[PDB]
Amino acid sequence: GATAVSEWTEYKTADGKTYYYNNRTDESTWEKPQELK
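Residue numbering for the sequence shown follows full-length UniProt numbering, starting at 428 and increasing by one per position.
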């Protein structure tokens, strides 16, 4: 299970979970990208 593939990067929030942010979509999803899964 890798982390941060280019355009996709995830940060863990204080509540203890990562949100996956795609930069050139500008989208934020709580599901692991299939390029990063």
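We put the CB at the ideal spot given by N, CA and C, even for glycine.
Where residue i and residue j are concerned, what is the direct C-alpha to C-alpha distance, given to the nearest angstrom?
i    : j    : result
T452 : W435 : 10 Å
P460 : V432 : 9 Å
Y447 : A429 : 12 Å
List the endpoints of the continuous beta strand (DSSP E) containing residue i.
i    : result
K439 : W435 to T440
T445 : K444 to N449
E454 : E454 to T456
Which residues in the same chain as residue i place their Cβ atom closer than 7 Å to its Cβ, once the five residues preceding and following it in sequence are excluded?
i    : result
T445 : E437, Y438 and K439
So that I know if they touch, is there some Cβ in chain D lying closer than 9 Å to that of residue i?
i    : result
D453 : Note that chain D does not occur in the displayed structure, where there is just one protein chain.
Give a single yes or no on whether residue i has its beta carbon closer than 8 Å to a heavy atom of the ligand PLP.
i    : result
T456 : Only the bare structure without any ligand can be found here, which leaves the ligand PLP out of the picture.
Taking a contact to mean a Cβ-Cβ separation below 9 Å, would you say residue i touches residue j in this structure?
i    : j    : result
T456 : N450 : no
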